[PDB]
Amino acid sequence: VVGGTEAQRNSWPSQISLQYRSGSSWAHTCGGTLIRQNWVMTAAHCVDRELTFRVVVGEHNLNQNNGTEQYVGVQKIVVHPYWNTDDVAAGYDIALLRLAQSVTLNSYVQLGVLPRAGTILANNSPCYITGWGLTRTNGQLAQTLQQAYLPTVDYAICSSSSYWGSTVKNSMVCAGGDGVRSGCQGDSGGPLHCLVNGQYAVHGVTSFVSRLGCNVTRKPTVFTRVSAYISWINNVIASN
């Protein structure tokens, strides 16, 4: 997250870190949202590589013992069947991970609340992106979980020519674009939390930014629109 502030430890308890085994250690690669005690919602593109993955819940600082973490292997990966790795702009950047064990809920570990199916946010709705991704374009991952206030940019504006044009689909949510604050590599798969009727819900799964850089004016961060996938999500969890 570029232009973020450090999140309080208990603000976003559905945020997870998706990590892959790298030698004798584990490397953060993406965010995710805990949606059942044994299912995480993330981005399809985060799990294209043939890696060994684990999820960490109750995580705050990737580089130090927080006293709150639970580490769990990934037992099954269900990518949206329409996803195509060579075409992020087509959409469908969403995947569910069934965890090998059910995690224990507490102040640091809670299920993310999802929007009702089809819900579209009005332009300029208040949302926060969270994650441990790069804190600058071509920078380094965050140690501590970061948040950045990224108001939505509606489909009409976002798909206009000076924004993302044809690249953005109505199955996506755009947010930010101010040239200062944005997601960045390593935030993919994580939540966009938006305040609606007094309650935060996870409206986006972080998907992409500009090839030109993370924080680029009129290139808001782009997210898979969670509310486009409620039936798909329910179908997967019920069949698995």
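We number the residues from 1 along the sequence you see.
J.: Test of understanding: from the entry's C-alpha B-factors, which stretch has the higher mean, 22-30 or 173-181?
T.: Stretch with the higher mean C-alpha B-factor: 22-30.
J.: On mean Cα temperature factor in this entry, is 60-68 or 199-207 the higher one?
T.: The recorded data point to 60-68.
J.: Of the options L192, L51, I35, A44, which has the highest CA B factor as deposited?
T.: Each of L192, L51, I35, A44 was compared by C-alpha B-factor; the highest is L51.
J.: So among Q15, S227, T221, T217, who wins on Cα B-factor in the entry?
T.: Highest CA B-factor of the listed options: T217.
J.: Should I233 be placed in the lowest, middle or highest third of its chain by the C-alpha B factor in the entry?
T.: Answer is middle: the recorded C-alpha B-factor places it there.
J.: Thinking about Cα B factors across the chain, which third does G133 belong to?
T.: Within its chain, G133 is a lowest-third residue by C-alpha B-factor, going by the deposited values.
J.: Would you mind ranking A95 by its C-alpha B-factor against the rest of the chain and naming the third, lowest, middle or highest?
T.: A95: CA B-factor falls in the lowest third of its chain.
J.: Going by what the PDB entry lists, where does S160 fall on CA B-factor within its chain: lowest, middle or highest third?
T.: It belongs to the highest third of the chain when residues are ordered by C-alpha B-factor.
J.: Classify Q147 as lowest, middle or highest third according to the C-alpha B-factor given in the PDB entry, relative to its own chain.
T.: Answer is lowest: the recorded C-alpha B-factor places it there.
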